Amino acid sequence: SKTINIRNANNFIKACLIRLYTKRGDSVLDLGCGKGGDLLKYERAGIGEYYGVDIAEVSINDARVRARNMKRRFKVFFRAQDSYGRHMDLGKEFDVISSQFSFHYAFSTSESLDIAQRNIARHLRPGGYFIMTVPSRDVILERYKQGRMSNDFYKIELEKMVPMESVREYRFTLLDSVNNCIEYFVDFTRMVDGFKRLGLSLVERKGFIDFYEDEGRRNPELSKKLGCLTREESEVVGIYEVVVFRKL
């Protein structure tokens, strides 16, 4: 693959995010878990329980097979359902709720973002954390203004016609990944506010490149266990940001 380093970075970043906010015996709710790659990261993290939820039943399947054939200490649970725009109640809270590269899908409509925020808040133990990695609207528009919105690895198109600050969705393509996939912008303020009203407060917001470099010059061990990036790959990785809220 040509995307390898980008995948390596992204996973590295995720593993770090997981290292920072998880502890042994912790309970995790993975929203938009996808095929379930993070299972390993969590297994190293030493958590005691993993609940994967994802609208795509095809992906849950993969995660089931994944969990079924891996070396893991934690118990697992999986469910194919919409955890953002449809009420969700699992009957229990979690120490940590994670949404990796998926929460922006919660922004389809004001109603949808709401149902999602409520679902998040009702499955989170008081004091617990809600970690995520979402595309940065601010970054995406500034690149828009710079004129460059693509390279050999990806492409982005704004569903415009009409202020760019008024645009709420765009098309995303990633080499060896999604194709012309439609994404919703993350209305950051509206998000923060909703969560605020729900008892969750913002405790962290940092970009992929800096966070990467920082955590990198912080433990060169997991790194080598990585490398450097080309300006091109860095543009892809430079799209996302880390965002954490905590239930107080």
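Residue numbers here begin at 1 and follow the sequence given. Note that the rigid core is defined as the largest set of C-alphas that superpose within 1.5 Å between two forms.
Looking at 182-190 and 213-221, the one farther from the shown form in 6 other deposited structures of this protein by average CA distance, after a rigid core fit, turns out to be 213-221. Farther on average from this form in 6 other deposited structures of this protein lies stretch 152-160, the comparison being between 127-135 and 152-160 by RMS Cα distance after core superposition. Unmodelled residues of the deposited sequence between neighbouring positions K225 and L226 number 1 to 3. A summary of the deposited B-factors shows that, of 167-175 and 132-140, the stretch with the larger mean C-alpha value is 167-175. In this crystal structure, the stretch out of 46-54 and 210-218 whose C-alpha atoms carry the higher mean B factor is 210-218.
Looking at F107, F94, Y154, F74, the one whose CA carries the top B-factor in the deposited record is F74. Of the candidates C181, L31, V192, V28, the PDB record gives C181 the highest C-alpha temperature factor. When the modelled residues of the chain are ordered by their C-alpha B factor, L229 lands in the highest third.
Compared with the other modelled residues of the chain, the Cα B-factor recorded for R205 ranks in the middle third. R122: CA B factor lies in the lowest third for its chain, per the PDB record. Looking at the C-alpha B-factors along this chain, the one for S83 belongs to the middle third. The PDB entry assigns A63 a C-alpha temperature factor belonging to the middle third of its chain's modelled residues.
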